[PDB]
């Protein structure tokens, strides 16, 4: 139990939506010795320091594009959770190199620093937009995922495990659509912005995502891309829920947007393993030191999937009606 006692954890992008919730979770449910937040903004860090005001907290101002800073910050760290990223799809289309520097080079630097400091386990956050991506954001995350999975080939004086957690949209994420609509409805709610009527997405709550990352830590061998089984919801039903008696307005598909998202590509189903409530996409490459991904560290058994499996949000077997959504807010 509690396989995280007296551990020092560092989370890049710790001031974000996932970050604050993750930090709260670790402080409340684990015996972790220290939690280090690594991010660039002094404003968000100053406010987070006040909000949490916990002696087990440490704040480092730093950029994941800065290898030297990461090298210094990861000293004495046991576990690294990599959540830092530029995630705005349309903005990434207009500022591709910035997204590339943060998401791709950021991954490379975090990996490098974790190896140098002999971190034990590392989990990087992916996204469904990284599966058969069409937008730059997703492309950078795919590169990131490939880097983290591949990093398990290294063999230093100390062993470091690198795994990835991939899930869909986070309900109420910082700068996401949910908060956007709630605000529009709060102001006047005259007409709700709708990209396309066919728009569908996977949905997971902040708590579910955070808990999934934590459990992934407990069962990972290193090299896995963990995918949780989650519900899908149509953007039209989402709007009516956040504003019952309010007219919608089609604004058109934004730059680099998909109508439906994928979490486990059809072309990679042969690498996928199913479990009670989650999947594991095995590495496409072979490590010098093989591993059995069918049995987690929690002794959970997994089975291969069908030769034509495709985990998409358009044909999901589970959904959420406007009433199920409200039960989250």
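Rigid core (definition): largest C-alpha set, two forms, superposition within 1.5 Å. Positions refer to the first chain, counted from 1.
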Higher C-alpha RMS shift from the shown form in 4 other deposited structures of this protein - 175 to 183 or 124 to 132, rigid core fit: 175 to 183
RMS CA shift, core-fitted in 4 other deposited structures of this protein, bigger for 252 to 260 or for 205 to 213: 252 to 260
Between 225 to 233 and 97 to 105 (mean CA B-factor, as deposited), the higher: 225 to 233
Segment of higher mean CA temperature factor, 248 to 256 or 140 to 148: 248 to 256
Of the residues 191, 75, 207, 128, the one carrying the largest Cα B-factor as recorded: 191
Options 158, 71, 216, 132 - largest CA temperature factor per the record: 158
Residue 6, C-alpha B-factor rank within chain (lowest, middle or highest third): middle
Residue 197 - which third its CA temperature factor falls in, relative to the rest of the chain: highest
Among modelled residues of the same chain, the CA temperature factor third for residue 287: highest
Chain-wide C-alpha B factor ranking for residue 62, given as lowest, middle or highest third: lowest
Cα B factor band for residue 299 (lowest, middle or highest third within the chain): highest
